[PDB]
Every structure is written in C-alpha cells, then in structure tokens.
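Take a look at the structure set out below.
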Amino acid sequence: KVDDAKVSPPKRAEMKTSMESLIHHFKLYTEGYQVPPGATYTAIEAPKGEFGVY
Amino acid sequence: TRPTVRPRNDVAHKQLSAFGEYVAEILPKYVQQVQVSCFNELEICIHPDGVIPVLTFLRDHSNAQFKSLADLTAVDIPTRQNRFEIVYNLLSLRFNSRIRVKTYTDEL
Amino acid sequence: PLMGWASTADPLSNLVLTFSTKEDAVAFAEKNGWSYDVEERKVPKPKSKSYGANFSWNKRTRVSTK
Amino acid sequence: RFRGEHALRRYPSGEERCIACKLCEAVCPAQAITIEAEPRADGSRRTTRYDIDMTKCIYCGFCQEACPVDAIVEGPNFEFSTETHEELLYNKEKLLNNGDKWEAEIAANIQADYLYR
Amino acid sequence: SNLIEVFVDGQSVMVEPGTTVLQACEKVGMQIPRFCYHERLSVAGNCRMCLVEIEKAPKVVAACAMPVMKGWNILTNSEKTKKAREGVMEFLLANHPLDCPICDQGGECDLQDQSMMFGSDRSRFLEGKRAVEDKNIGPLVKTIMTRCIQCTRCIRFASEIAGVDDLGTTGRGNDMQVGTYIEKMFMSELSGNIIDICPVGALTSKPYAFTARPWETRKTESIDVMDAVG
Amino acid sequence: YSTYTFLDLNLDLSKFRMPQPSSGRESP
Amino acid sequence: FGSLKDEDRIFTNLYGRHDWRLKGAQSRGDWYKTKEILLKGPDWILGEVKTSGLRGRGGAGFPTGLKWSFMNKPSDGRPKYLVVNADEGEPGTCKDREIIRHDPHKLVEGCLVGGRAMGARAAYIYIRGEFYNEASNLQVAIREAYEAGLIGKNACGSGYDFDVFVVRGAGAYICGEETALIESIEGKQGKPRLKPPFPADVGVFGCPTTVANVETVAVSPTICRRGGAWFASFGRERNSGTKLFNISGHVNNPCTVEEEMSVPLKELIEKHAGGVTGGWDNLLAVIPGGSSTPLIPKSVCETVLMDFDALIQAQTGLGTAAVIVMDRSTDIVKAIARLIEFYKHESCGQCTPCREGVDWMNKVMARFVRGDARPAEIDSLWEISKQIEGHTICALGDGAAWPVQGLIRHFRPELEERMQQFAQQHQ
Amino acid sequence: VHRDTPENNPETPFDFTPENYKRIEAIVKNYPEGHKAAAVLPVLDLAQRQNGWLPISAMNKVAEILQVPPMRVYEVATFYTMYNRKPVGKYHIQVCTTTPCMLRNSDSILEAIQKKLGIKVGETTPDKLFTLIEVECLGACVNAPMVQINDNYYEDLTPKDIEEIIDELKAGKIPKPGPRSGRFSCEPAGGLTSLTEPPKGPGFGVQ
Ligand SMILES: Cc1cc2nc3c(=O)[nH]c(=O)nc-3n(C[C@H](O)[C@H](O)[C@H](O)COP(=O)(O)O)c2cc1C
Ligand code: SF4
Ligand code: SF4
Ligand code: SF4
Ligand code: SF4
Ligand code: SF4
Ligand code: FES
Ligand code: FES
C-alpha cells in the first residue's frame, strides 16, 4: 500500500491497538478521500484498443 | 519531497509551455484563453465560432499535426450563464503530445 | 408491507444543485419555469470580544473557577 | 479467501459479535444492508433489524473488511438456488442460523488469512 | 480612521485596533483550528491549538487571545506553524479511548475532522491511556467523562448564561475531572443545551442515544411552536 | 515552634492598627 | 571579568548569621539613615539601581532596576500594590529560610523604600505554609519595629508610610511563576493566566502591581545605600554585584556560600571547605542551577566562571544559584529521573502541551532507568523535549525540556550500555 | 486514590468555636472590600486547625460565611496539597525525598523506619496516629534528608535519629526541632567566622 495513510487504509492489526488508526480507518470509510480539483485524461493499452478516462 | 510522491520534470513543463505559446499568437481571432495543466497537458479555450478553423489549422500543418481525435465529450454546468462545455481532444502522432479544445456553448 | 423499507413515488426527492450566487439562483427556476421562494444569507455580529476584560476593578465581567 | 454466503459470527459463549456501528452499510456500493438499532435493555447497544438482499449484493468484500469488531464474514459456501424472490431477502435471524450452521468452517479460514490483512 | 492595516499572508486587510488574530484571519476567509474558543462564551487559552507563526519573531503565539499591533505579517501556512499543529494534536489523542464504533458523535467530532485535515499521520505512545470513571447528572445528559479533551468549554457555560454555578475543575496535573464533586443533579431550563457545546463525545443525548449516525438524516429547516418567541 | 497560637500573629496588634483600611471600592 | 574574583569578605550586603536572629535595636546596618533615604523623590531611586543593574534573582534576567522604573504606568484612578515573593520552589535552593532565619529586619527596611518607587498602596508578601516556625517569627518581627511607631501610617516624617500583609498558601505552584500568585492571592485555583495579556503590570489583583523576589528587594536598601562604584564589583560588564549561593549534593560540608560574580567552580566548590568526593579522576558531574539546568561533565565548566554569559557560553545558563554534584557512587540517570518525576506532582494541568506531554515522558523515562528493549527511542524522546517551548504558558513547560534535553546531550553510553545489559540478560 | 465523596458524613456537623469567629473579623479587614470576596485560604485552613481533618460538612459551612457558591470551595480545597479530607493521625510525618536528598543518603533514612516501627511503607500505622507520607521542595537540600513535623523540622537526619525520633515520639518526647548534630547555625565551616565586626563604615549614602 501507499504509506501515507490518507489514501490507504491501515492494517487490521494496526487499527486495533493504536488511536490514530481508527480516525483514518473510520473516516476513510464514511467519506472518501479529498482530491484536489482540475480535469485529467489518460490512456493505457487495453488488449483491443485504449481505455481512457476524462 | 519524499518517496510515494510523484516526481515531476521541467522538460515537458517548458516545451509544452513554449509550444502552444504561438497558437494564440497566430490565430488571435478565436483563441481567448490558454493555460498549462500542471501534469504536462494543454488546454485552449476557443470561442464557438472557431469550432471548425482551429481544428482545421491543426488538422494538417508541419509543426502541429494532431491527426487523431481520441475523445469528444461534453459536460453540463449550471450557474455559468452559458450551460454546457464541449471538450475536444487530439493526439499528435508525430510528436507524442496532447492538447484539449474547450469550447463553451448553450442549449439553443 | 413485506419489510419496512420506506418505499416511495415522488421521483424527484433527491436533487440538490449548487449555485454560486443569488443572481444566478433565480435565473434557473425561470428558464425551466417552476415556482420558488428565496431565503436569505445570515452573517453574524462582528463582534467585540477581548480577553483581559475578564478581570475587573468595578465592572461585572469577572470569571472564576478556571 | 473465497466469497459467498453471508454470516454473522459470535464470541465464545455468545454475545452476537455485532455492535451496530454502521459501517458495513455505508460502504456497500449497492446499498443492500439496512440496519435499525435501538438501545437494548441491558445497556449495550445492538441491532433490531438487519437486512441483506441477496440480489442487490454485488459480492464486493467491502462489508467483510470495513468491520472493526470483525463480525460479518463472507462465508465459503455457494449453496443457494431458492425458488422465490420473496425468500432471498435476508433477516437478522436467518444470518445467525446460517452463521452457526458452521463456524468450524469459517474460523479455520480467517485464522489462516488474517496475517496478510 | 481608527484601524490598523495588517497584512495577512502577504495581503492587506484593515481591522479595528483591538481585535484578535483569530477574527482578522477569519475576515479574509481562513479557519485556524479551534478548540477552546466558542464565540458566545468567554476566551481561554488552555488547549494551544491555534498556533500562528508570526513573521520576524522566534516564538509562536496563540491567535485566540492576543491583540493585533501595528501591521504584522500574519503568516499562517509556514514550516513552523505546521510543525506545531501537528505536535499539539498528537498529545491529546494519546490519553483517549479507542471508540468510534459506539460513541455517538461519530459523525461530527473534532478529534476526527481535524485529524484527517490538519494533524499527524500515525501514533507513537504505545501503551498507557488513563481511564477515569463516569457518573450521572440527569435523565437528559448521558455522561461519559472518559473521553474528555478537558477544553473547559462546558464549565464556562455554567458560569455564563445558564447562571447555575454547578460545574468546576477538580484536581491537579493529569489527575483532574470535570463533573460535580458532590452527587448533585444539574437541572434547569437550558440544561440539555450543553450537548451541542461539548466538542467531543462526552456529553451526549439520553433519549436519542443509540439510534442513527448523522450522515443519513435529511435536514429540513422548520420553526417550533411551544412557546412565545417561536 | 507552636502549632497553634496564631492569634498572637493575626489579630493581637494587627487589629488595632490595620492600617487603616480605606482600600477603595470595587463594590462590584 | 577583572581579577577572577569574587572573594568573600565581611563588607557584604548581609548583616550576619550567628550574631543575633531575634528582634533587636537594629544595631549598625539596619535603620542607619532611615528617613533621609525616602526624603527625596522617586527618580532619586528610579534608575539609581542602574549603578548595579541588578538582574534579579528570581530565575531570569530583565533587570530589577528596569522593571520598577520602566514598565510602570504613572496613575489613572486605581491603586497599586506590591507583591514580594518568599516561596522557594526550585528543589535544593535554600536561598530563602536563611534570609528569614537570621536577618528579618532587613526585609521591611526596603519594603517601604521599594514601594516608594512605584508609589503602591499596600504590601503583600507570600510565604509557603510549610515554613511555619520561621514565618511565625516574621510577624513577631513586625511588632518589634512596625508597632513601635517607626513605620506607618505616616512614620517617619513622610506622608508615604504603609503596612505589610502576610499571607500563606498551602502546597502551591506559584513559586516558579508570577501571574499564578496574583491569582492565588485572590482565592481562585491558581491555574495561571496567559503571561502577556496585558502583562502583570497591566492586569493584576484589581489594579496593577509588581512581582519581586526576596533579595530583589532585600539588597535594595543597601544598594541604594552603598551604591558606588562598588555596585560593579566583580564579573564582566554584563552582570554586576554579589549574589548568594548554596552548596549541596556531595560535599564534606554542604553549607551556605556567599560570593560575587564570576568565580570558577573548580576553586569555589572545593573551597568552603571540603570537596569530599573525587575532586579529580572521579567524574564530579555538576549541575549549574536548581532545576532549569542539565548536567555537565568534568569539562570546561570547571574552568568556566559563574557569569551569566559564561554558562550561556555553554548550553544552559541558570539564575537559581544552586550547586549539586554526583561523582562516583550515584547513578547519573537515576538522579535526574526523579526530577522529572517531580514535575508531574507540581504542574498545573491547563495546557495540553505540558499536561500529557510530561506524562508521555515520565512513563518512558522510568523505562530507561530500568534498562529495556531496543533503542532509537532516545531521539523520539529528544524530539518531544524539542516540542515544548512556546507551546505552554509558563516556564514549567520550558523547565521540563531542559533536564531531558541535556541528558540526551553530553552522554553517549548512558543507556546504550544499560539497555545492552537487559538485552543480554533476556538473551 | 480518588477525589470524590461516597456520602460518609453529609452532616457531620462541624461548627466553629466563638474564639475563632473573632479571628475571621481580622482577615476580612485586610482585604479590600468587594473584591475581598474570597479569604478562603486562611478561612478554610483555620477549620483544619480546629479539627485536624475537615469533612464535607466543613466545606459547606464556609460558603454561608462568605456568600460564595459551594462549588467555589470544593474546587479550591482539592488543589492545594496541605489540606486533608481522609482521616489523619496525631503526628503526620514527612520524609522529604527529592533528587539531592536521594544523593544525601536517604537510603538508610528510607526503610529501616519500618524495621524500626513495624508498619507498611507510605502508609498510616494500623493503630492510631503515625501516618507516613513523603514530600518535595522545602528549603535545604544543603542539610541531610530532613524530616518535617506538623510544627517544625528535624535537620541532620541519620538512622540514629530513626532510632530516636520514631522511638522518642512513641513515648511522646520532642526529638530536637533542628539540626541534631553538626553545625547548630548552618555555617560555612571554614568561612564561618569571617571577622565579625560592624559592616565597614555605613554611610556611603552621601552619593
Ligand atoms: C525553574 C524555575 C524556578 C523558579 N522558582 C521560583 C521560586 O522558587 N520563587 C520565586 O519567587 N520565583 C521563582 N521563579 C521565577 C518567577 O517567575 C519569578 O519569581 C517572577 O518572574 C519574578 O521574577 P523577578 O525576581 O525578576 O521579580 C522560578 C522560575 C523558574 C524558571
Ligand atoms: S458487523 Fe461491524 S459494521 Fe456491521 S453492524 Fe456489526 S459492528 Fe456495524
Ligand atoms: S458483498 Fe459488498 S455489496 Fe454485498 S452486502 Fe457485502 S458490502 Fe454490500
Ligand atoms: S464535557 Fe468534556 S469536552 Fe466538554 S468541556 Fe467538559 S471536558 Fe471538555
Ligand atoms: S469523541 Fe473523538 S476520539 Fe472519542 S470516539 Fe468520538 S471521534 Fe473518536
Ligand atoms: S507550564 Fe503548562 S501546566 Fe505549567 S503553568 Fe504553564 S500552562 Fe500550566
Ligand atoms: S486554540 Fe483554543 S486556546 Fe488557542
Ligand atoms: S527538597 Fe527535600 S529537603 Fe529540599
């Protein structure tokens, strides 16, 4: 997982001892992340063509 | 800053800065805003009268081919006094670059 | 009447739009043409607060138990 | 780690491991779960109604991993195929029966696999 | 006439001679993290969670309670502010139980809507967590004083508006509780209104207590008719 | 060297002369 | 500095220890020129202490000649008071209960003289309740002179003559800081204010006051009397005068000590009279102050004099003037860990930096004394000490970082060998 | 320990002596009126002097004297250390342990009190009156680990004093309120004399 924990959830053996882990396990499951504004586009090589997201 | 943070480069941030500088210099009848996206992409705002020519300028040229239309889309936006947002998107197959054409509009 | 699910008609029932201002608020209820009623924005008193006024010689604001 | 029929575990000698903390219902993408709690008379809070559709259930594994107290578990038995749509709606007191028909099956699975997650 | 031109974040704004850094920075549209400060109460400095790094100074001050002198450079986002907010709000989240499955302010509490946005990323304690005991006040206010960030906001309520002077601050150091020392019940009009004031899940509602989490309700404004003023 | 006998300290001669008090008011 | 002295003589600012401690007739030193001193105006005394520039013996700089003249509003409509400390809160100080032991007549000499500079109305002195026999003789020492018509309410010869009102705390906190004393002089719980509201000579009891120490006002008669061209006697041009010391810890005679500015501690601590531990080839690990100063090994501090900037040339200066050592038998980590244990039992409890930051450390400082599992917690324990400076209100936040922050310095194999022993024992 | 009252004696009662009421007159005369309003630090401590340990009914009494709310008094009595709410003994002994007193050989003035006495450490005696606590920060660490009593202090401690002060108070003697040995006047001992004289020409105040 990405380490900085505002994006990944923590381990199950981590949200069960410490205090700072629930507040980022609970609230990362009531609401989601917070992502900055602005559009984007990308493309990968899907095995028949592309696959793009705007 | 650290690991797990995206490394940028100033190469494409300077070239795509410098390239589309003169797409507003040589057609200043239609292009009314150009801004550079921080992730090395280009947006160019175009009055809806210039829907055909600024494509047609791009469509064939020696310096900017952009011969593949990847994605035409459309976004609606209330509170804009002109609702929608038509967004064109093109691909320079000779050059490996992207530019988006954002033309506002209305219903009628 | 099989579970207790609060089922319904009234197909609008879940629509919030976010407008930027009053000037472009009412400019959408007319273009589609339905009635409306407008509330007001309320911003509070400015106001006058000053720590250090909690200790007086003859005034009444003097706090304790802190 | 297979996904399948649902269950609700309980502690050594029974406590109905659920605590109605309302997370397994907030990350169902398909809005299947329907919980309505009440302060039970002893003082500890529990559910009253618990409802899982087995048709809107898109089989994520998002209930299985959102739970803090480790209760609701996607149990490893694909035995299904009832004949009426009136039946696949689950109540609370189906799931416990369906969750105590085995726990020798489930607790052999989770002890093998909790070390990764 | 009668104002000081003070520069917030390198941008001018004109405030009265005698406001705070809190209100002046709230004029250009910023919210410093607040705990020990509600508007309709008095002002205390006992949590130290607004820490602005004022420019051209070695020290760090509280923006809750200080005047604003001749035009400073109120520098909110720096590399010394953000080392303080992250450091204060690891302290109080140590001596604290591990609820939010069952604590009833699981939707709004401000140890939770700070600690994603401001504040730290992980914990280092790693064992401890003192545990005081609860009691009763009335059949309106469920009281779990384990939770208790000890912000002294409910206590300044009673000495203020609801003039029953009943609550206090009892103890020294880490060993202190909040509630009434004798077993006196605290009940008047406006007695159940403290459960909005209480910024964490210590004071919570008795009849509502265990029914529903607050991201599901449908807020529709209305006016109540049991009384004269509405 | 005496646990009691504080009236020798407190109110023996410090009651005759306080002095005065006037001490202001501050009612409040 | 001059000639590296700081001697000890009989021409001092103290009267005498063994001569007579009871009431008396104020033989030679006390009440020598009584009414002629306060016959002049305040500006004769305002700035008169600049001949010394007496820094103040409370535990900081900010010279006491400056706080009385400057930062002193003239008048609006409200009275003024004086608050003289007498509480000794730094452990092993003993600078008080020796001034009150044998020379109590000197404190009322400059009480009325010092209050003329401010023009205050009454005088509130504050003694710890625990010192009860000495404070009992203090009120007796009032009636010896004050009752005899020498002071108050117009005595002598001036319209300015007033009283001294003695109070007691119980077990309080307000030693180490002001603005908790002017709160505990009221009746509230003594959980202190912010120190700059409007600081202590703007918002006070009901009306602005001053806060001074015992020998901040006990030297004020004779410093206005002897003055000079003597008030700069020893040390450099930074500090000037003579200050009271004390010798504690390991000594043949731990005793009271009197000297002047900037004496080297190698010849000062060994003198008066025995240095019974290892004077050399043992450790002789020394602490400069009472509690606001961390450890120093046998390095340059023995060559360093007792100037204010001499210890500020080192990592930490101190104004408590208390000397404690531990050469051979004492464990280094064991002694200072019971000084962090001290702060848990005095601290106020208002601010979340101090409360629940000290107890973060006191739980884990007791682990290091034991000797336990894996290190690199030390730098984490160093960071927390680096994280209480401007966060708390009073100095006890700042007075709790410093015995940690210097123990982590100066001393590499402190617990790197101790935790190795338990790591070897568990192995 | 805890700081709460599970209703031992709500009405004990504890009223004052008519000798004590006239001493309340002198304290109120000191403070300026209006902001006088709290003389609670000598007034509540005078109630400790009559009783010895003050119950909850004593705390309710002084509120009616000074017209304060009662919670203003329950608060203040539970902050300061010297006040006592649990029952106490006749001789409340204090062994002043700190860092320099630890360095000044508190180790033998530690236990071997219990080998001398026969009680639990830090604990009251099982019978009546010996109650042992330990305190910090009272004056001299230049002395030995000194032992304070309720009216005085015992400088220059030693196990022989442990063999004396514990022993002589069980019979009820006064074991030397001061330094039992060494210097009686706390002198530099090699700097003590310093040629006692009048202080070298008073009269520099010409200026
Ligand atoms: C560690 C420490 C201990 C202190 N102990 C005392 C004390 O025991 N008694 C006292 O009056 N002031 C003590 N102070 C300082 C108080 O703040 C001081 O009395 C007050 O600021 C007045 O200082 P002044 O002497 O310049 O007037 C202490 C300060 C520190 C940092
Ligand atoms: S299993 Fe977990 S999420 Fe589901 S109701 Fe029980 S406590 Fe709440
Ligand atoms: S498997 Fe997924 S969709 Fe189905 S009930 Fe569980 S969380 Fe909801
Ligand atoms: S009830 Fe808890 S959160 Fe509210 S003011 Fe008191 S201690 Fe703070
Ligand atoms: S009060 Fe704060 S810490 Fe406690 S359960 Fe609620 S959100 Fe968590
Ligand atoms: S240092 Fe902290 S605990 Fe001590 S008085 Fe200041 S704010 Fe209170
Ligand atoms: S943050 Fe509330 S006290 Fe400063
Ligand atoms: S601290 Fe124990 S005697 Fe000074």
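Indices start at 1 and increase along the chain as displayed.
Structure determined by electron microscopy, 7.8 Å.
For all residues, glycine too, the Cβ spot is worked out from N, Cα and C.
Summary of the site annotation: Swiss-Prot records [4Fe-4S] cluster 2 binding at E:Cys148, E:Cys151, E:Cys154. Screening the candidates E:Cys109, E:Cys198 against this entry identifies E:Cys198 as the one listed for that site.
Within the set of binding-site residues (E:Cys36, E:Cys100, E:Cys103, E:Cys109, E:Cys148), the lowest number of other Cβ atoms found within 10 Å of a Cβ is recorded at E:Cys103. Ligand 7 lies under 6 Å from the Cβ of E:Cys47, E:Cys50, E:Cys64, out of the binding-site residues E:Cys47, E:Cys50, E:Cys64, E:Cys148, E:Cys198.
Counting in whole angstrom, E:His96 ([4Fe-4S] cluster 1 binding site) lies 14 from E:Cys151 ([4Fe-4S] cluster 2 binding site) by their C-alpha atoms.
Cα separation, E:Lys56 (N6-acetyllysine) to E:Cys151 ([4Fe-4S] cluster 2 binding site), rounded: 30 Å.
Other residues of the chain with a Cβ within 8 Å of the Cβ centroid of E:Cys148, E:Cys151, E:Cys154, E:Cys198, the [4Fe-4S] cluster 2 site, are E:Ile149, E:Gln150, E:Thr152, E:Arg153, E:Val178, E:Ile197, E:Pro199, E:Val200, E:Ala202, E:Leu203. The Cα atom of E:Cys50 ([2Fe-2S] cluster binding site) lies nearest to that of E:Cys151, taking the binding-site residues E:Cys109, E:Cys151, E:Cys198 as the candidates. Counting other CB atoms no more than 10 Å from each candidate's CB, the recorded positions E:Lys56, E:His96 peak at E:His96. Within the domain '2Fe-2S ferredoxin-type' (E:2-80), the DSSP-based counts of helix, strand and coil residues read 5 helix, 18 strand, 56 coil. The Cα atom of E:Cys198 ([4Fe-4S] cluster 2 binding site) lies nearest to that of E:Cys36, taking the binding-site residues E:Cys36, E:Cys47, E:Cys64, E:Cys103 as the candidates. Taking a Cβ cut-off of under 6 Å from any atom of ligand 4, the binding-site residues E:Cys36, E:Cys64, E:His96, E:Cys154 reduce to E:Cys154.
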